[PDB]
Structure formats: C-alpha cells, structure tokens
Amino acid sequence: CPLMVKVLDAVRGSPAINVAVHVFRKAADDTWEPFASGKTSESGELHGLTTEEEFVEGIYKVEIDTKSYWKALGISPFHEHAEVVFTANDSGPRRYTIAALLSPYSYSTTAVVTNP
Amino acid sequence: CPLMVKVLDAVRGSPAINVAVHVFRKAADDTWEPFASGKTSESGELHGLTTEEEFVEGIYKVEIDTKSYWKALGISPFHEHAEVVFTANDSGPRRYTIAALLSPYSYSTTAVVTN
Amino acid sequence: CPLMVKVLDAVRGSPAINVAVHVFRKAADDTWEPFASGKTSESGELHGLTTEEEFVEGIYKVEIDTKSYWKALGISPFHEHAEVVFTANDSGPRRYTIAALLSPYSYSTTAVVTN
Amino acid sequence: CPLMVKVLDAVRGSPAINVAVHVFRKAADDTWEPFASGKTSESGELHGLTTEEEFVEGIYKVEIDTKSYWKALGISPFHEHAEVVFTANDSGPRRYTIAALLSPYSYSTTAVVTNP
Ligand SMILES: Oc1c(I)cc(-c2nc3cccc(Cl)c3o2)cc1I
Ligand SMILES: Oc1c(I)cc(-c2nc3cccc(Cl)c3o2)cc1I
C-alpha cells in the first residue's frame, strides 16, 4: 500500500471515523484530475486508495473533508477541508502515510515516508 | 484589519520571514480568483491584505508558500504549500488571524477569531 | 521582557483567557522552585513574568493549567496540565515566547526566540 | 497492551527511532515513582511498558527524551523533554496511545483512548 491516510480527533481522543477523503493528481494540462477516494474506517485509517503501478510520479492533493466530520458532531468548524499537497515518487517509489489531527478551529498534518 | 496571517518556524524557533502568501476568493463558477498577497515580515506577520468593506462573506483560500521557504534554508520539504480554506462569516467575530507553524514534513494551522 | 507565554484555544478559535501559568526554575538539588506565575489575559498572553536580570541561565519549567481551563468550559480533558521544560541560554536571542495551542485531548507547543 | 507510545519526526517525515521514554506514577505521598521505561522501535512505537493488572488508576507522567534524540541528529533543540501528564483509568480500564510529533523547537502530542 503506497498511500494511506490516518485521521485523529483531538477533542474526543479517538480516531476520526467516517471521514471522506478525495485524492487528486495534477495533470499535464495543470488541472486537478480525480485519482482516488474513500472514507476512514473505525481505526481512523484509509487504505487501498491506489496501487504501486498506478501511483506514478506526480503532484498529489489529499483533501480531507473535515467540515462534514465536525458538523455531524454538532460543531461548526473553521475550515472547509484540510488539503495536503505534495510531490510523490520524485526519488523513486515510496510509501506515504498522511496523518491529520483535527480540532474545530485547527488541524495538524504530518507525513511518514518510507522506502519499500 | 480583518485578515492577518502569522507564520512560525518550528525548526529554528523563530518567525518564518519572507514567506509568500496568496489569498484567493472562490468565484460563482467555483474557480479561485486572486484576492491579495504579500510576504511575511521580520515578525512572521502579514497585515494589510484586505479591508472590512472588501472582505465580504464567502469562501477564501490562504496559500502559504512553504516549499520555497524550506528551499531557501537548504532543507527538503514534503509539501508544495500549506492551504487554509475557510468561510468568512459576518455573524461571528470581526478579525481573523490565520496562524501556521511550519516543519519540513509537517504543518499545523489554527484560526484566532476575535473582536 | 524576556519570557512571554501565549495560549490559544483550538476548539473555539480564540485566545485561551484566564489560564493559570506557573513558572519554576530547577534548583541545585534538582527540585523545582517557584519562580513566577499569572493568568493569561483577554489576548491569551502573559507578560511581565520576570526581568532580564532575574532570568539567568538555567532550566525552567512552564506549567499551563489546561485541565482547569477545559473544566470551566464543561469539556472533559485528557491532560492534567501542559508542561514546557527548556534551558535558558545567553548565547542566543534574548526574548522567549512559549506558545501553546490547546485541544481537550491534545496540545501543541512551540518556542519563538527572538531579539 | 494498555499503554503505548508513538513518536514521529516532523523534520525527516519518519518514525522517531531509539527515543527513550520514562513513565512515572504519582504516589500516595505525592511524589513521582518510577513505573516503566523503554525506547521506541524502528516504527517509532513503544509497546510492553505495563500490563492491565499493574496499570491501576492514578496520575501518570510519560517523559519522552526529545533532547537526546535531536542532539544525536546534530540539532540543539529547545526542550529538555516532552512530558505528558494524565489521569488514567478513572472511568474504568482503558487502553492509551500517547502520540508525539517532534520538531527542534516544537512538539505536538495527542492521546488515543479506547475501551477494551
Ligand atoms: O502570536 C502567535 C500566534 I496568532 C500563534 C502562535 C502559535 N503557536 C502555535 C503552536 C502550534 C501550532 C500553532 Cl498553529 C501555533 O500558533 C504563536 C504566536 I507568538
Ligand atoms: O499511528 C499514528 C498515530 I497513534 C499518531 C499520529 C499522529 N500524527 C500527528 C500529526 C500531528 C500531531 C500529532 Cl500528535 C500526530 O499524531 C500518526 C500516526 I501514522
């Protein structure tokens, strides 16, 4: 699995479950093309977005639908979404974990990048 | 001043100076139109981006050019930029400060919304 | 003013007001001796804790009473407090700002060290 | 496993390996008593600190030796350590993950708390 996402909730001290995530890849014509999407599991994790073959070099955007998450919990949050934009596989194939820690008016994100 | 940005460096423990910041407002066709930009000051702050009259309700995006900042420091970054996207609302407090704390492979952002 | 503290609330998007803050300096016997304290202001800031003459090199601890803050808001917190422990050094910049961004089950802290 | 720690490095985008961690429990006499210690693995994780039987209610301090970590990487960091202090098992037994994301002049921490 070369691209996985993990989302945590800093209010409840839990995984952030059922969070929608959309991944896009920047095209030759400089638009964002749909790449993959899914929702986080009970563990806050989203696996199985892509494959090593399909996940070629490029600029990727991971959009995490944080606003829907908070509204379902009764909270009107600040952000529309959290977006993580990065170049992938520029130094050969890597495995990427995109982590995000959510609060109503804040988020933090980090990457864990490993060499297969 | 209804919209301020503050950028800090978690590696050096300092303001993040000379970081380019672009603000966009979402148009009716759902594209992003340029709205304001500047470079952070010696204190990591960017003031004067807009005015109360111009900063009407809507969806805005603040894009912070983190990659160029790290590159200037000789350090390999992960992200192309940090994007903060939010709705401006007239119901709440009048002043938005968008703060970002930068590391090469990570950033944290918060909003401080006051009167 | 060589030591400032700023505390922000990641739930409300605001300064964290009326948060108790205690500073301690590590003694030769390795116990913590009280040094300064106060409550954050309406802007989430606490100034005037010490002076340049008093703030000599050594190990200091800044304890932020996060639990009482959340309790006052009716929200169950995880931590008893947030502790920031560091060495003050004369070689570097003169002004330390300890910033903390608070959530019920999480906090982030950074140092901004300037002239 | 009722108490585990995970440490990540926000400079390198990797686990924080070989990080020393000391856990203390507040005694009846209000001192900090040693409870358990270990080091993070290649995955940035520390498991096996304690057992469900031993991990009774109390106030616990997890001290993560961040300064040694950064100095080994050639960096002179701000903090002496990162300390996470919390009451455990007050609403019955729980499993706790203490996560920390490290930078030279900053850290973030969160808890993931689950009911067995
Ligand atoms: O004036 C200030 C403002 I506004 C914000 C910060 C701040 N400290 C942070 C620590 C972690 C994450 C984030 Cl976003 C943070 O923002 C500090 C100062 I000084
Ligand atoms: O398995 C994981 C666990 I548990 C925690 C995180 C985590 N990502 C963070 C980003 C910012 C701040 C903090 Cl404390 C974070 O904690 C990541 C993974 I992968």
# chains A, B, ... in the order shown; residues from 1 in each chain; ligands from 1
call {"tool": "residues_near_ligand", "arguments": {"ligand": "ligand 1", "cutoff": "9 Å", "atoms": "only C-alpha atoms and all ligand atoms", "output": "PyMOL selection string"}}
result
(chain A and resi 106-108) or (chain B and resi 4-8+10+15+45+97-102+107-112) or (chain C and resi 4-8+10+15+45+97-102+107-112) or (chain D and resi 106-108)
call {"tool": "write_last_selection", "arguments": {"atoms": "N, CA and C atoms", "output": "compact mmCIF listing (two decimals), in the first residue's frame"}}
result
# COMPACT_ATOMS: atom_id res chain seq x y z
N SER A 106 -8.62 24.16 14.12
CA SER A 106 -7.23 23.86 13.84
C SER A 106 -7.05 22.48 13.33
N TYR A 107 -6.01 22.28 12.52
CA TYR A 107 -5.53 20.95 12.28
C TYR A 107 -4.03 20.93 12.11
N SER A 108 -3.48 19.74 12.35
CA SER A 108 -2.08 19.47 12.12
C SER A 108 -1.99 18.30 11.17
N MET B 4 -5.40 38.61 8.95
CA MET B 4 -3.97 38.63 9.25
C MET B 4 -3.48 37.20 9.15
N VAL B 5 -2.20 37.07 8.81
CA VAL B 5 -1.53 35.79 8.75
C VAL B 5 -0.26 35.87 9.52
N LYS B 6 -0.02 34.79 10.26
CA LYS B 6 1.24 34.71 11.05
C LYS B 6 1.84 33.32 10.82
N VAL B 7 3.15 33.28 10.53
CA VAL B 7 3.83 32.06 10.16
C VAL B 7 5.09 31.93 11.04
N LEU B 8 5.22 30.76 11.66
CA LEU B 8 6.29 30.45 12.56
C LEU B 8 7.05 29.20 12.08
N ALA B 10 9.22 25.98 13.21
CA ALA B 10 9.38 25.01 14.29
C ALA B 10 10.74 24.36 14.32
N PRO B 15 10.05 33.46 13.94
CA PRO B 15 9.15 33.80 12.86
C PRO B 15 9.67 33.23 11.53
N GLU B 45 4.60 38.04 10.23
CA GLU B 45 3.21 38.54 10.09
C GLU B 45 3.01 39.19 8.74
N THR B 97 -7.25 35.81 12.33
CA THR B 97 -5.82 35.53 12.21
C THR B 97 -5.61 34.07 11.90
N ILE B 98 -4.96 33.84 10.75
CA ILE B 98 -4.57 32.52 10.31
C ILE B 98 -3.12 32.31 10.71
N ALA B 99 -2.89 31.35 11.61
CA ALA B 99 -1.54 31.07 12.05
C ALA B 99 -1.10 29.71 11.57
N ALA B 100 0.18 29.61 11.20
CA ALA B 100 0.73 28.36 10.71
C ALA B 100 2.10 28.18 11.36
N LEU B 101 2.34 26.95 11.80
CA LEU B 101 3.59 26.53 12.41
C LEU B 101 4.19 25.48 11.48
N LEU B 102 5.37 25.81 10.93
CA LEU B 102 5.95 25.03 9.87
C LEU B 102 7.12 24.14 10.28
N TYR B 107 2.87 20.58 9.02
CA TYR B 107 2.49 21.89 9.50
C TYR B 107 1.22 21.79 10.34
N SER B 108 1.05 22.80 11.17
CA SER B 108 -0.13 22.95 11.99
C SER B 108 -0.68 24.33 11.72
N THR B 109 -2.02 24.44 11.67
CA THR B 109 -2.60 25.73 11.46
C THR B 109 -3.76 25.90 12.42
N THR B 110 -3.99 27.11 12.84
CA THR B 110 -5.15 27.44 13.66
C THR B 110 -5.71 28.78 13.23
N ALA B 111 -6.95 29.04 13.60
CA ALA B 111 -7.58 30.33 13.42
C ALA B 111 -7.87 30.94 14.80
N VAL B 112 -7.54 32.22 14.90
CA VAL B 112 -7.84 33.03 16.07
C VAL B 112 -8.80 34.09 15.56
N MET C 4 7.65 35.38 27.72
CA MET C 4 6.23 35.61 27.46
C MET C 4 5.61 34.25 27.17
N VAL C 5 4.31 34.15 27.48
CA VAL C 5 3.53 32.97 27.20
C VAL C 5 2.28 33.38 26.49
N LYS C 6 1.95 32.57 25.49
CA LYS C 6 0.70 32.83 24.72
C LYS C 6 -0.03 31.49 24.57
N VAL C 7 -1.34 31.50 24.86
CA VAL C 7 -2.14 30.29 24.90
C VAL C 7 -3.39 30.52 24.03
N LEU C 8 -3.62 29.59 23.11
CA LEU C 8 -4.71 29.63 22.17
C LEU C 8 -5.59 28.38 22.30
N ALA C 10 -8.03 25.80 20.37
CA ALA C 10 -8.26 25.18 19.06
C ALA C 10 -9.68 24.69 18.87
N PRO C 15 -8.15 33.24 21.72
CA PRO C 15 -7.24 33.19 22.84
C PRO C 15 -7.82 32.33 23.97
N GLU C 45 -2.34 36.11 26.46
CA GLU C 45 -0.92 36.42 26.72
C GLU C 45 -0.68 36.65 28.19
N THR C 97 9.27 33.44 23.68
CA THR C 97 7.82 33.27 23.74
C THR C 97 7.47 31.81 23.65
N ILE C 98 6.79 31.34 24.70
CA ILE C 98 6.27 29.99 24.76
C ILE C 98 4.81 30.03 24.34
N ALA C 99 4.50 29.38 23.21
CA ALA C 99 3.14 29.36 22.73
C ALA C 99 2.57 27.97 22.83
N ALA C 100 1.28 27.89 23.18
CA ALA C 100 0.61 26.61 23.31
C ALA C 100 -0.76 26.74 22.66
N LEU C 101 -1.11 25.70 21.90
CA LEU C 101 -2.39 25.59 21.21
C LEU C 101 -3.09 24.38 21.83
N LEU C 102 -4.24 24.66 22.46
CA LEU C 102 -4.90 23.67 23.28
C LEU C 102 -6.15 23.05 22.65
N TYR C 107 -2.27 18.90 22.84
CA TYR C 107 -1.76 20.25 22.74
C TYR C 107 -0.49 20.26 21.88
N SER C 108 -0.22 21.44 21.36
CA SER C 108 0.98 21.70 20.59
C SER C 108 1.65 22.90 21.23
N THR C 109 3.00 22.86 21.28
CA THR C 109 3.70 23.99 21.83
C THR C 109 4.88 24.30 20.94
N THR C 110 5.22 25.56 20.86
CA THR C 110 6.42 25.99 20.14
C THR C 110 7.10 27.10 20.92
N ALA C 111 8.36 27.34 20.62
CA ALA C 111 9.11 28.46 21.13
C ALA C 111 9.46 29.39 19.97
N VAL C 112 9.26 30.68 20.23
CA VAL C 112 9.65 31.74 19.32
C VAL C 112 10.70 32.54 20.09
N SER D 106 9.58 22.65 18.76
CA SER D 106 8.16 22.42 18.97
C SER D 106 7.85 20.97 19.09
N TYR D 107 6.78 20.66 19.83
CA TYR D 107 6.17 19.36 19.70
C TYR D 107 4.68 19.44 19.87
N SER D 108 4.03 18.41 19.32
CA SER D 108 2.61 18.22 19.49
C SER D 108 2.39 16.85 20.09
call {"tool": "residues_around", "arguments": {"residues": "residue B:55", "least_positions_apart": "5", "cutoff": "8 Å", "atoms": "only C-alpha atoms", "output": "PyMOL selection string"}}
result
chain B and resi 2+50+88
call {"tool": "select_by_dssp", "arguments": {"residues": "chain A", "states": "strand (DSSP E or B)", "output": "VMD selection string"}}
result
chain A and resid 3 to 9 14 to 15 20 to 26 32 to 39 45 to 46 58 to 64 79 to 88 90 92 95 to 103 106 to 114
call {"tool": "interface_residues", "arguments": {"of": "chain C", "to": "chain A", "cutoff": "10 Å", "atoms": "only C-alpha atoms", "output": "number ranges by chain"}}
result
C: 9-14, 75-78, 101-108
call {"tool": "select_by_dssp", "arguments": {"residues": "chain D", "states": "helix (DSSP H, G or I)", "output": "JSON, numbers by chain"}}
result
{"D": [66, 67, 68, 69, 70, 71, 72]}
call {"tool": "atom_distance", "arguments": {"atom1": "atom CA of residue C:63", "atom2": "atom 4 (I, counted along the ligand's line) of ligand 2"}}
result
24.8 Å
call {"tool": "closest_atom_pairs", "arguments": {"of": "chain D", "to": "chain A", "cutoff": "8 Å", "atoms": "only C-alpha atoms", "output": "Markdown table"}}
result
| residue | atom | partner | partner_atom | distance |
| --- | --- | --- | --- | --- |
| D:8 | CA | A:112 | CA | 8.0 |
| D:10 | CA | A:110 | CA | 6.6 |
| D:13 | CA | A:112 | CA | 4.7 |
| D:14 | CA | A:112 | CA | 4.8 |
| D:15 | CA | A:112 | CA | 7.0 |
| D:110 | CA | A:10 | CA | 6.6 |
| D:111 | CA | A:13 | CA | 5.3 |
| D:112 | CA | A:13 | CA | 4.7 |
| D:113 | CA | A:13 | CA | 5.8 |
| D:114 | CA | A:14 | CA | 7.2 |
call {"tool": "residues_around", "arguments": {"residues": "residue B:30", "least_positions_apart": "5", "cutoff": "12 Å", "atoms": "only C-alpha atoms", "output": "list in words"}}
result
residues 24, 25, 58, 59 and 60 of chain B
call {"tool": "atom_distance", "arguments": {"atom1": "atom CA of residue C:21", "atom2": "atom CA of residue C:62"}}
result
6.9 Å
call {"tool": "closest_residue", "arguments": {"among": "B:29, B:80, B:42, B:57", "to": "chain C", "atoms": "only C-alpha atoms"}}
result
B:42
call {"tool": "residues_around", "arguments": {"residues": "stretch 81-88 of chain A", "least_positions_apart": "2", "cutoff": "6 Å", "atoms": "only C-alpha atoms", "output": "list in words"}}
result
residues 57, 58, 59, 60, 61, 62, 63, 64, 65, 66, 67, 79 and 90 of chain A; 79 and 80 of chain B
call {"tool": "closest_residue", "arguments": {"among": "B:1, B:44, B:38, B:56", "to": "chain C", "atoms": "only C-alpha atoms"}}
result
B:44
call {"tool": "closest_residue", "arguments": {"among": "C:95, C:81, C:39, C:61", "to": "residue C:19", "atoms": "only C-alpha atoms"}}
result
C:39
call {"tool": "decode", "arguments": {"residues": "stretch 4-18 of chain A", "atoms": "N, CA, C and O atoms", "output": "PDB file, in the first residue's frame"}}
result
ATOM      1  N   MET A   4      -1.616   5.912   2.217  1.00  0.00           N
ATOM      2  CA  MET A   4      -2.609   5.694   3.245  1.00  0.00           C
ATOM      3  C   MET A   4      -2.788   6.961   4.045  1.00  0.00           C
ATOM      4  O   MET A   4      -1.913   7.829   4.088  1.00  0.00           O
ATOM      5  N   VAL A   5      -3.991   7.113   4.615  1.00  0.00           N
ATOM      6  CA  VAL A   5      -4.339   8.299   5.374  1.00  0.00           C
ATOM      7  C   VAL A   5      -4.828   7.859   6.755  1.00  0.00           C
ATOM      8  O   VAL A   5      -5.520   6.828   6.893  1.00  0.00           O
ATOM      9  N   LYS A   6      -4.432   8.628   7.785  1.00  0.00           N
ATOM     10  CA  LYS A   6      -4.916   8.360   9.157  1.00  0.00           C
ATOM     11  C   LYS A   6      -5.342   9.677   9.747  1.00  0.00           C
ATOM     12  O   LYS A   6      -4.639  10.659   9.654  1.00  0.00           O
ATOM     13  N   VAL A   7      -6.559   9.676  10.310  1.00  0.00           N
ATOM     14  CA  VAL A   7      -7.167  10.894  10.840  1.00  0.00           C
ATOM     15  C   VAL A   7      -7.553  10.634  12.302  1.00  0.00           C
ATOM     16  O   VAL A   7      -8.235   9.664  12.604  1.00  0.00           O
ATOM     17  N   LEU A   8      -7.160  11.560  13.165  1.00  0.00           N
ATOM     18  CA  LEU A   8      -7.416  11.509  14.586  1.00  0.00           C
ATOM     19  C   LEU A   8      -8.194  12.749  15.002  1.00  0.00           C
ATOM     20  O   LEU A   8      -8.083  13.846  14.438  1.00  0.00           O
ATOM     21  N   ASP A   9      -8.979  12.597  16.091  1.00  0.00           N
ATOM     22  CA  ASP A   9      -9.798  13.657  16.674  1.00  0.00           C
ATOM     23  C   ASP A   9      -9.226  14.115  18.014  1.00  0.00           C
ATOM     24  O   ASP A   9      -9.097  13.309  18.954  1.00  0.00           O
ATOM     25  N   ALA A  10      -8.797  15.347  18.058  1.00  0.00           N
ATOM     26  CA  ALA A  10      -8.155  15.943  19.211  1.00  0.00           C
ATOM     27  C   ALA A  10      -9.093  16.438  20.284  1.00  0.00           C
ATOM     28  O   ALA A  10      -8.649  16.847  21.378  1.00  0.00           O
ATOM     29  N   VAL A  11     -10.417  16.376  20.015  1.00  0.00           N
ATOM     30  CA  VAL A  11     -11.434  16.712  21.012  1.00  0.00           C
ATOM     31  C   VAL A  11     -11.798  15.480  21.830  1.00  0.00           C
ATOM     32  O   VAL A  11     -11.764  15.549  23.065  1.00  0.00           O
ATOM     33  N   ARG A  12     -12.100  14.387  21.151  1.00  0.00           N
ATOM     34  CA  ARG A  12     -12.529  13.166  21.752  1.00  0.00           C
ATOM     35  C   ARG A  12     -11.422  12.209  22.122  1.00  0.00           C
ATOM     36  O   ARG A  12     -11.668  11.270  22.880  1.00  0.00           O
ATOM     37  N   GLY A  13     -10.226  12.393  21.564  1.00  0.00           N
ATOM     38  CA  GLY A  13      -9.121  11.481  21.829  1.00  0.00           C
ATOM     39  C   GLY A  13      -9.382  10.107  21.241  1.00  0.00           C
ATOM     40  O   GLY A  13      -9.264   9.067  21.864  1.00  0.00           O
ATOM     41  N   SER A  14      -9.701  10.128  19.925  1.00  0.00           N
ATOM     42  CA  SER A  14     -10.137   8.917  19.236  1.00  0.00           C
ATOM     43  C   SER A  14      -9.732   9.021  17.766  1.00  0.00           C
ATOM     44  O   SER A  14      -9.422  10.104  17.302  1.00  0.00           O
ATOM     45  N   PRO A  15      -9.818   7.905  17.068  1.00  0.00           N
ATOM     46  CA  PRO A  15      -9.807   8.009  15.613  1.00  0.00           C
ATOM     47  C   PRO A  15     -10.957   8.891  15.143  1.00  0.00           C
ATOM     48  O   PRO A  15     -12.000   8.953  15.764  1.00  0.00           O
ATOM     49  N   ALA A  16     -10.765   9.507  13.986  1.00  0.00           N
ATOM     50  CA  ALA A  16     -11.821  10.226  13.294  1.00  0.00           C
ATOM     51  C   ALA A  16     -12.392   9.288  12.249  1.00  0.00           C
ATOM     52  O   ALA A  16     -11.766   9.021  11.242  1.00  0.00           O
ATOM     53  N   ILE A  17     -13.577   8.743  12.556  1.00  0.00           N
ATOM     54  CA  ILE A  17     -14.218   7.704  11.777  1.00  0.00           C
ATOM     55  C   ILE A  17     -15.133   8.301  10.689  1.00  0.00           C
ATOM     56  O   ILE A  17     -15.753   9.325  10.895  1.00  0.00           O
ATOM     57  N   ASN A  18     -15.200   7.625   9.556  1.00  0.00           N
ATOM     58  CA  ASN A  18     -16.162   8.024   8.501  1.00  0.00           C
ATOM     59  C   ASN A  18     -15.837   9.367   7.866  1.00  0.00           C
ATOM     60  O   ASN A  18     -16.730  10.117   7.446  1.00  0.00           O
TER      61      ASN A  18
END
